[PDB]
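Backbone-built Cβ (ideal geometry, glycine too); neighbour counts: all protein chains shown. Read the figures in this text as sums done on the coordinates, not as results from a lab.
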Amino acid sequence: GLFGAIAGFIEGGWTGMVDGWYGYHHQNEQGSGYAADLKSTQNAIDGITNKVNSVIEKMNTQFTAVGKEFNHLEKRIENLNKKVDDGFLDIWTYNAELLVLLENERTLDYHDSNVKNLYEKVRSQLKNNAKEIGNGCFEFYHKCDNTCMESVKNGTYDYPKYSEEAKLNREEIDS
Amino acid sequence: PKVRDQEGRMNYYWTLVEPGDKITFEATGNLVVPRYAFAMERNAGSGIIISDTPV
Ligand SMILES: *[C@@H]1O[C@H](CO)[C@@H](O)[C@H](O)[C@H]1NC(C)=O
């Protein structure tokens, strides 16, 4: 999309990730599984909830009876009343249709941005320790157990702790 | 022209008498005097819905 991640360099979504909108997939000796990034997902839920409530709650009306009744010699004001009713209809129909179109595009872009930013955060943490193998995936140059995975998903990855082990494996494999 | 077998006609009028005011009817004929009036307090808004939808 606008940020190139959803339906972009990350081609498809995950049906096996049920606890959030954005997240991770890992695999090591101990197995594999899916986990949502709770921080980014909760921000998106807060933003989208606010976006929905704003579109609805900013419409506050007063008590009003639209209808009017006119006799056979009041045709001009009857048509004037019809013009007012039709004019509001056209304004509200046009604005409502376009607001939905424009906000849907921005919402899909917003989700695309979040997935893009999540990938970039991980890439900035891992640096040389992992290889970008495409499709939003990193393949480590050092074994990364469940505890190591939790550090990445929590943003507490210790690059120097594995930097030398990754360096040796990176330098051999590239020789 | 006959409408409901009547070649005559009858016009209907109404007025709102403010509290404490007086209304006088005087005639030498042709007057359909009031018998029941209505003391009332108007609201603001609402209208008349014309429909077969049930209450
Ligand atoms: C995850 O990161 C937060 C950052 O504030 C830290 O406080 C927390 O201890 C980390 N989780 C674990 C299990 O260490």
Do the alpha carbons of any pairs in A:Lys127/A:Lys161; A:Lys127/A:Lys167; A:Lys116/A:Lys143; A:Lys39/A:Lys143; A:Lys116/A:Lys153; A:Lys127/A:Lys153 sit beyond 18 Å of each other, and which pairs?
A:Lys116/A:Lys143; A:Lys39/A:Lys143
Working from Cα positions, state the angle (0 to 90°, nearest 10) between the long axis of helix A:38-57 and the longest principal axis of chain A.
0 degrees
Kirkwood Rh over alpha-carbon pairs of the protein assembly as shown plugged into Stokes-Einstein at 25 °C, 0.890 mPa s gives a D in µm²/s of 93 µm²/s
Highest-MSF residue in chain A out of A:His142, A:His72, A:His25 [GNM, Cα springs under 10 Å]
A:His72
With 5 Å bins from zero, work out the P(r) of the range A:78-175 over every alpha carbon pair and list the percent per bin.
2, 10, 15, 14, 10, 7, 6, 5, 5, 5, 5, 4, 4, 3, 3, 2, 1, 0
Of A:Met149, A:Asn60, A:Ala36, which is farthest towards the positive pole of the range A:23-170's charge dipole, taken about the Cα centre with +1 and -1 on the beta-carbons of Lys, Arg and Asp, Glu respectively?
A:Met149
Measure nothing but the geometry: give the 0 to 90° angle between the long axis through the Cα atoms of A:75-126 and the longest principal axis through the Cα atoms of chain A, rounded to 10°.
10 degrees
